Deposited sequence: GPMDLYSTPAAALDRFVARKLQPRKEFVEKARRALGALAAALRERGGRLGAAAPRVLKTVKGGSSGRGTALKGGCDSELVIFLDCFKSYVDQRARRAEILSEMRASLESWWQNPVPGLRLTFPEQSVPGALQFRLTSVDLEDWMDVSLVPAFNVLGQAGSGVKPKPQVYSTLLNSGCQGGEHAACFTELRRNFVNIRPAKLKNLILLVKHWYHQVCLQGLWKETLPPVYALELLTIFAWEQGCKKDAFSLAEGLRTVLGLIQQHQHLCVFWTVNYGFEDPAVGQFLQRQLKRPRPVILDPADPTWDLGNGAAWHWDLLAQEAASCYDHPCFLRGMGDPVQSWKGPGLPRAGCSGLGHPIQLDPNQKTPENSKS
């Protein structure tokens, strides 16, 4: 990798030069999605349109990224309605996209992949370059959050819906975006670095969603660093060390839900007993981004384990950078991590 060959001391320059998105493309994309939101709301009433995905979370990389545009509709009054009103809503959105694109944003080509995701209309905006692109997922959702920690009823009702894990993740996009986007700038730079490492591994399927590594990075920094200023190499080394320990990973946050409601609390306990890694979306307790052996964490671990023999993990005269230390992080004597740290 170019990442590997970059000395640890030059990592901030690598992030700035290779990983941070192109300002020009970001703006063109922003006004495009702004105009699409405009066309959708101007015509089921649109209550609210919020931005999620890597772009909305603040974790988009240069040269290819994803975005989610969540369209909250007043025709949904229960979670199960999104599943019920799915084909017909998405049908209307396709017509809206056609209308919208009759006034195209000048620097972008509109294309469509195969529709992989039920409950979403996916399309791509690519630059003329063609050095940058955004895979957009347009997702109708029920506005359970209204207009702040959610009342526990928000999540007990979710459980009563009988939904699949993360099936209604879009409903909580505002919370998810706030969790990741409202963070010290350098932490977000580290996230970009981690995601870039992940992307290069992928190029060289069925791996964990990228969002899983965003959470793991936030976990690493919260347990081992917590400062606005720190070194990227050590953070990266810490994250890769956690990945090697995937069988011991059990990570969650109580920012949006907790144990105080018996129903929600009892579900949280069950989620935490699932095959590791378990990494619960802080916005949606039903969405496990670890998910046991479902995803090939082993392949990520295999690459992590052998990649330390590189300039990006070396300072001075070949002194290996050290993983951060702290409550949730690899310990010298211990084989486990003591996860979940809260329990």
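- Residues of the deposited sequence lacking C-alpha coordinates fall in the stretches 1-2, 46-53, 158-161, 219-222, 362-373, numbered from 1.
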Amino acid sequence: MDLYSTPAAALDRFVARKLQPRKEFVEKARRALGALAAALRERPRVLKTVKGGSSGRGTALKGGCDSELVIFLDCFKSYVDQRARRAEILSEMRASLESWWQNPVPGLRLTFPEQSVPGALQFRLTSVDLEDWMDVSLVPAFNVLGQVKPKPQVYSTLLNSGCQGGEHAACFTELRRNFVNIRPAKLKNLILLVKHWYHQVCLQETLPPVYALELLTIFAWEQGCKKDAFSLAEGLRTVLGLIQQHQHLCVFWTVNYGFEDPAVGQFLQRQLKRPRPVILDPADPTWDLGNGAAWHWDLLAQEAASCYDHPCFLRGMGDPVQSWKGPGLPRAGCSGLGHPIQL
From here on, numbers count along this sequence of modelled residues.
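- Of the two segments, 273-281 and 23-31, the one listed with the higher mean B-factor is 23-31 (C-alpha atoms only).
- For the pair 122-130 and 248-256, the mean Cα B-factor is higher in 122-130.
- Considering 300, 317, 69, 60 together, the PDB entry gives 317 the largest C-alpha B factor.
- Each of 205, 222, 167, 214 has a CA temperature factor in the record; the biggest one is found at 205.
- Split the chain's modelled residues into thirds by C-alpha temperature factor. Residue 186 is in the lowest one.
- Among all modelled residues in its chain, residue 140 ranks in the lowest third by Cα B-factor.
- When all modelled residues of the chain are sorted by CA temperature factor, residue 8 is found within the middle third.
- Per the PDB record, residue ranking by Cα B-factor puts residue 288 in the lowest third of the chain.
- Per-chain ranking of the deposited C-alpha B factor places residue 209 in the middle third.
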